[PDB]
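Take a look at this one chain, the form deposited in one PDB entry, written out in structure tokens.
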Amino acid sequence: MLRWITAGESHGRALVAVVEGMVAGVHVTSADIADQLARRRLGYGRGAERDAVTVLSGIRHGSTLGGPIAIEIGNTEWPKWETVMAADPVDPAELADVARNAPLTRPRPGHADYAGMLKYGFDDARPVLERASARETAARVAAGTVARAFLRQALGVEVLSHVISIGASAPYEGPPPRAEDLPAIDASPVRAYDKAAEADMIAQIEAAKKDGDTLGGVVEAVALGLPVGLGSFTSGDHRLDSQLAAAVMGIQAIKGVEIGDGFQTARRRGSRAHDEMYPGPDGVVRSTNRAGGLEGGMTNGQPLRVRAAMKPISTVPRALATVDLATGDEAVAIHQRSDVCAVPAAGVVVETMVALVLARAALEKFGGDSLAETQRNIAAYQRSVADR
């Protein structure tokens, strides 16, 4: 069972990612990981630090060892926080002299702050904020890089994502491949695949920058080259729909996920809602992918299309009323990040989450303890589906 855990406060020493149960023999390197971390930093309208990667375990000579892979990602400006976020006790008196340590008692609407303080009995939002914050996705993406290596090397599968709307842009139609990642990604100020939508999004972000507001948007991860039968219909939770929603919707500020045409599907008629099958020079072929690559909770060979709706994460500078849990009096929420928009980055985080799940799925189906073995089981399975 592929498994991934994330550790770190956004201002703490470093983040760790640990990925348990990846097979031996997958080619992955520090630089692979830095690369993804770098794509995590894409996209104009962000806040938003050099993410020094050190692989601590589980990889040797660029090849996974099979045991837990720990990747530590440095938090660049930690010397600033060595006291406020020291692991060890620090004399309360010299802590008192530290502005940075001032307590944080106005929860920001939209954030963990208020709930988390109540939940944990904190008098301060710092310990919530510090874990809750999206800096954590950096760790996610690190662990991501392993799934994505695996998924490429074992299945020839590629995961990418591309922004379908930011703010109030008119949403985009029809997904990129593999080959357009360079433009969508980097290239695009907004990780837009489509020229027009790009312009409309950038326009929005502009306008939101001008108004000093923040935007969310919708991003679409696309996984290509998936074999049929990953995931299962045997339990609700084995459905890939379920697993992928859990992983995508567990991303900070994701308030919605849909598979393929999702909510729009729910408005169509059965006659126009699914992906008819026709015979194909070799295997069934479909001409639509409304289902986004999942039917019955399993991959049907079509592109997996998973879309997350990200609410705007950055608190709007002076606009959001809240309560000061010190006082009990009204207050405004102090922002803590500066992004007008993080949707493009969120895309790449969605890729991470999708990749992680796909890899776990793939490993559940094909098991194996080493890539070569997993590969042999994939080949057998593919050769056997080809029969027919």
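For the two forms, the rigid core is made up of the largest set of C-alpha atoms that agree within 1.5 Å on superposition. Only residues modelled in both forms are compared. For every residue, the number given is its place in the sequence shown, counted from 1.
From this point on, the text means the form deposited in another entry, which you will not see here.
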Listed options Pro107, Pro175, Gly167, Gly292; Cα moving by 2 angstroms or more between this form and the one not shown (core superposition) = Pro175
Core-aligned, is the CA shift for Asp237 between this form and the one not shown 2 angstroms or more?
-> no
Does the distance between the two CA positions of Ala309 reach 2 Å or more between this form and the one not shown, the core being superposed?
-> no
Rigid core superposed: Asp186 CA moves 2 Å or more between this form and the one not shown | yes
Given a CA distance change of at least 3 Å, are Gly174 and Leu226 closer or farther in the other form?
-> farther
Work out the direction of the Cα-Cα change for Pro176 and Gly270 in the other form: closer or farther than in this form? It's 3 angstroms or more.
-> closer
Consecutive stretches, 3 or more residues long, displaced between this form and the one not shown (C-alpha shift of at least 2 Å once the core is aligned) = 174-186
